[PDB]
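Next comes work-v6.cif, a file with mmCIF, C-alpha atoms.
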```cif
data_structure
loop_
_atom_site.group_PDB
_atom_site.id
_atom_site.type_symbol
_atom_site.label_atom_id
_atom_site.label_comp_id
_atom_site.auth_asym_id
_atom_site.auth_seq_id
_atom_site.Cartn_x
_atom_site.Cartn_y
_atom_site.Cartn_z
ATOM 1 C CA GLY O 1 10.752 13.911 -2.351
ATOM 2 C CA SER O 2 13.141 10.977 -2.494
ATOM 3 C CA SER O 3 12.704 7.347 -1.522
ATOM 4 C CA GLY O 4 14.726 4.212 -0.876
ATOM 5 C CA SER O 5 14.175 0.652 0.283
ATOM 6 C CA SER O 6 16.383 -2.222 1.376
ATOM 7 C CA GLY O 7 14.660 -5.573 1.722
ATOM 8 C CA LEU O 8 11.521 -7.243 0.423
ATOM 9 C CA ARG O 9 9.488 -6.538 3.536
ATOM 10 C CA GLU O 10 10.840 -3.005 3.427
ATOM 11 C CA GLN O 11 9.739 -2.655 -0.178
ATOM 12 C CA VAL O 12 6.220 -3.747 0.686
ATOM 13 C CA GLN O 13 6.167 -2.081 4.085
ATOM 14 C CA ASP O 14 6.714 1.033 2.005
ATOM 15 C CA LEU O 15 4.486 0.060 -0.897
ATOM 16 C CA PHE O 16 1.295 -0.066 1.135
ATOM 17 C CA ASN O 17 2.579 3.165 2.630
ATOM 18 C CA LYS O 18 3.430 5.055 -0.537
ATOM 19 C CA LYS O 19 0.232 3.793 -2.121
ATOM 20 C CA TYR O 20 -1.623 5.292 0.818
ATOM 21 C CA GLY O 21 -0.662 8.770 -0.327
ATOM 22 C CA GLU O 22 -2.577 7.943 -3.485
ATOM 23 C CA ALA O 23 -5.598 6.441 -1.769
ATOM 24 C CA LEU O 24 -5.850 9.823 -0.088
ATOM 25 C CA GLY O 25 -4.518 11.690 -3.099
ATOM 26 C CA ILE O 26 -1.528 13.124 -1.274
ATOM 27 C CA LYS O 27 1.674 13.548 -3.249
ATOM 28 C CA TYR O 28 4.139 12.866 -0.459
ATOM 29 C CA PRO O 29 4.774 9.535 1.280
ATOM 30 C CA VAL O 30 2.331 9.138 4.143
ATOM 31 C CA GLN O 31 2.294 6.531 6.886
ATOM 32 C CA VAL O 32 -0.366 3.855 7.168
ATOM 33 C CA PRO O 33 -2.398 3.616 10.382
ATOM 34 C CA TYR O 34 -1.405 0.039 11.124
ATOM 35 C CA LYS O 35 -2.533 0.259 14.729
ATOM 36 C CA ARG O 36 -5.975 1.538 13.811
ATOM 37 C CA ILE O 37 -5.865 -0.913 10.929
ATOM 38 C CA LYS O 38 -5.194 -3.640 13.466
ATOM 39 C CA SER O 39 -7.628 -2.584 16.166
ATOM 40 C CA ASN O 40 -10.187 -1.637 13.544
ATOM 41 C CA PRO O 41 -10.276 -3.695 10.338
ATOM 42 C CA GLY O 42 -12.848 -1.302 8.928
ATOM 43 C CA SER O 43 -10.176 1.317 8.351
ATOM 44 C CA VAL O 44 -8.508 0.785 4.996
ATOM 45 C CA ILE O 45 -9.676 -1.828 2.519
ATOM 46 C CA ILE O 46 -7.028 -3.543 0.427
ATOM 47 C CA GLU O 47 -7.946 -5.246 -2.825
ATOM 48 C CA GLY O 48 -6.240 -6.439 -5.987
ATOM 49 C CA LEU O 49 -3.761 -8.418 -3.922
ATOM 50 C CA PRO O 50 -2.341 -11.621 -5.418
ATOM 51 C CA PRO O 51 -3.878 -15.088 -5.046
ATOM 52 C CA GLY O 52 -3.053 -16.609 -1.680
ATOM 53 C CA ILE O 53 -2.141 -13.244 -0.208
ATOM 54 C CA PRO O 54 -4.996 -11.694 1.784
ATOM 55 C CA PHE O 55 -5.204 -8.097 2.944
ATOM 56 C CA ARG O 56 -2.860 -8.214 5.914
ATOM 57 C CA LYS O 57 0.523 -7.040 7.141
ATOM 58 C CA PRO O 58 3.580 -8.119 5.138
ATOM 59 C CA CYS O 59 5.173 -9.214 8.392
ATOM 60 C CA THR O 60 2.921 -12.254 8.249
ATOM 61 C CA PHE O 61 4.015 -12.699 4.653
ATOM 62 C CA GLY O 62 7.208 -14.415 3.564
ATOM 63 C CA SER O 63 9.720 -13.205 1.006
ATOM 64 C CA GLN O 64 7.812 -15.342 -1.466
ATOM 65 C CA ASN O 65 4.432 -13.784 -0.771
ATOM 66 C CA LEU O 66 6.121 -10.397 -0.826
ATOM 67 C CA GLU O 67 7.820 -10.991 -4.155
ATOM 68 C CA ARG O 68 4.246 -11.356 -5.347
ATOM 69 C CA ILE O 69 2.757 -8.343 -3.605
ATOM 70 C CA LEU O 70 5.397 -6.022 -5.009
ATOM 71 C CA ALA O 71 4.476 -7.730 -8.260
ATOM 72 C CA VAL O 72 0.791 -6.880 -8.094
ATOM 73 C CA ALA O 73 1.759 -3.760 -6.182
ATOM 74 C CA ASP O 74 -0.142 -2.042 -8.968
ATOM 75 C CA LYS O 75 -3.208 -4.203 -8.458
ATOM 76 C CA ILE O 76 -3.225 -3.550 -4.730
ATOM 77 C CA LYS O 77 -5.836 -0.859 -4.220
ATOM 78 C CA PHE O 78 -6.407 0.820 -0.875
ATOM 79 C CA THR O 79 -9.673 2.374 0.238
ATOM 80 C CA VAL O 80 -9.973 5.331 2.583
ATOM 81 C CA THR O 81 -13.505 5.796 3.863
ATOM 82 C CA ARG O 82 -12.639 9.293 5.019
ATOM 83 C CA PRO O 83 -13.235 12.117 2.531
ATOM 84 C CA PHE O 84 -10.625 13.694 0.288
ATOM 85 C CA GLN O 85 -8.300 16.543 1.185
ATOM 86 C CA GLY O 86 -7.725 18.471 -2.021
ATOM 87 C CA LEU O 87 -5.314 17.434 -4.748
ATOM 88 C CA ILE O 88 -5.789 16.372 -8.350
ATOM 89 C CA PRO O 89 -5.530 12.597 -8.802
ATOM 90 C CA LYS O 90 -2.679 10.888 -10.610
ATOM 91 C CA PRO O 91 -3.817 7.735 -12.423
ATOM 92 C CA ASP O 92 -0.843 5.594 -13.370
ATOM 93 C CA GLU O 93 2.668 7.002 -13.497
ATOM 94 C CA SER O 94 4.060 5.310 -16.584
ATOM 95 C CA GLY O 95 7.725 4.991 -17.468
ATOM 96 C CA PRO O 96 10.160 2.548 -19.088
ATOM 97 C CA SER O 97 9.256 -1.110 -19.450
ATOM 98 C CA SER O 98 11.586 -4.057 -18.987
ATOM 99 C CA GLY O 99 9.594 -6.772 -20.713
#
```
Show how you would write the structure in this file as structure tokens.
Amino acid sequence: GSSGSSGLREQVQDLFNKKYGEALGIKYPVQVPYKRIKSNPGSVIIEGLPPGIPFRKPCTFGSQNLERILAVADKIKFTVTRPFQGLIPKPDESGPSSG
């Protein structure tokens, strides 16, 4: 499974997406039910977001706000009321650090 982004919004638009897979436990990149998330706010809860950036679409967020989101992209935590599917969790990924 490969991935690629091109643009802040894109990065985020994907972030919340990729993250989703985790919220559910999936391993592959799943899509977020924006519609349902729009029509029904009681779908997926988003927390950990940065200060000044509420749990909403990145479309309403500017490059600035985004730059932040992607920053706390780790903080951002999605909640899926629905039950699990079946797949061991993967807390943190780790890797090289810039500093």
Excluding same-chain residues fewer than 5 positions from segment 47-55 of chain O, what lies within 12 Å of it counting only C-alpha atoms, as a count of residues only? 27
Tell me, in Å to one decimal, how far atom CA of residue 21 of chain O is from atom CA of residue 56 of chain O. 18.2 Å
Report the residues retrieved by the PyMOL selection byres ((chain O and resi 14) around 12) from the displayed file, expressed as a PyMOL selection string. chain O and resi 3-13+15-21+29-32+57-58+66+69-70+73
Compile the contact shell of residue 86 of chain O as a PDB file with C-alpha atoms, in the frame of the given file: residues with an atom at most 12 Å away, counting all atoms listed in the file, same-chain residues fewer than 6 positions apart removed.
```pdb
ATOM      1  CA  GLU O  22      -2.577   7.943  -3.485  1.00  0.00           C
ATOM      2  CA  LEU O  24      -5.850   9.823  -0.088  1.00  0.00           C
ATOM      3  CA  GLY O  25      -4.518  11.690  -3.099  1.00  0.00           C
ATOM      4  CA  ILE O  26      -1.528  13.124  -1.274  1.00  0.00           C
ATOM      5  CA  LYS O  27       1.674  13.548  -3.249  1.00  0.00           C
TER       6      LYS O  27
END
```
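Atom CA of residue 35 of chain O lies 16.4 Å from atom CA of residue 81 of chain O.
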Rounded to one decimal, what separation in Å do you get between atom CA of residue 96 of chain O and atom CA of residue 28 of chain O? 22.1 Å
Which of these residues is nearest to residue 82 of chain O, using only C-alpha atoms: O:2, O:39, O:99, O:44?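 Checking each candidate against residue 82 of chain O, we get O:44 as the closest.
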Could you please fill out segment 62-77 of chain O with N, CA and C atoms and send it back as a CSV table (one decimal), in the frame of the given file?
```
chain,number,residue,atom,x,y,z
O,62,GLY,N,5.8,-14.0,3.8
O,62,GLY,CA,7.2,-14.4,3.6
O,62,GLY,C,7.8,-13.7,2.3
O,63,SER,N,9.1,-13.8,2.2
O,63,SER,CA,9.7,-13.2,1.0
O,63,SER,C,9.0,-13.6,-0.3
O,64,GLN,N,8.5,-14.8,-0.3
O,64,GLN,CA,7.8,-15.3,-1.5
O,64,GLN,C,6.5,-14.5,-1.7
O,65,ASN,N,5.7,-14.5,-0.7
O,65,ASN,CA,4.4,-13.8,-0.8
O,65,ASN,C,4.7,-12.3,-1.2
O,66,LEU,N,5.7,-11.8,-0.5
O,66,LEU,CA,6.1,-10.4,-0.8
O,66,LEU,C,6.4,-10.3,-2.3
O,67,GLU,N,7.4,-11.0,-2.8
O,67,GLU,CA,7.8,-11.0,-4.2
O,67,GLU,C,6.6,-10.8,-5.1
O,68,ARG,N,5.5,-11.4,-4.6
O,68,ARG,CA,4.2,-11.4,-5.3
O,68,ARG,C,3.6,-10.0,-5.2
O,69,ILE,N,3.4,-9.6,-3.9
O,69,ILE,CA,2.8,-8.3,-3.6
O,69,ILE,C,3.4,-7.3,-4.5
O,70,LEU,N,4.7,-7.0,-4.3
O,70,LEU,CA,5.4,-6.0,-5.0
O,70,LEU,C,5.1,-6.2,-6.5
O,71,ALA,N,4.8,-7.4,-6.9
O,71,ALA,CA,4.5,-7.7,-8.3
O,71,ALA,C,3.1,-7.1,-8.6
O,72,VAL,N,2.1,-7.4,-7.9
O,72,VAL,CA,0.8,-6.9,-8.1
O,72,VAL,C,0.6,-5.6,-7.3
O,73,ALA,N,1.8,-5.0,-6.9
O,73,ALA,CA,1.8,-3.8,-6.2
O,73,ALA,C,0.8,-2.8,-6.9
O,74,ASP,N,0.7,-2.9,-8.2
O,74,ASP,CA,-0.1,-2.0,-9.0
O,74,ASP,C,-1.6,-2.4,-8.7
O,75,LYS,N,-1.9,-3.7,-8.7
O,75,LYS,CA,-3.2,-4.2,-8.5
O,75,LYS,C,-3.7,-3.7,-7.1
O,76,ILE,N,-2.9,-4.0,-6.1
O,76,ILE,CA,-3.2,-3.6,-4.7
O,76,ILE,C,-3.9,-2.2,-4.8
O,77,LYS,N,-5.1,-2.1,-4.3
O,77,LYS,CA,-5.8,-0.9,-4.2
O,77,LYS,C,-6.4,-0.6,-2.8
```
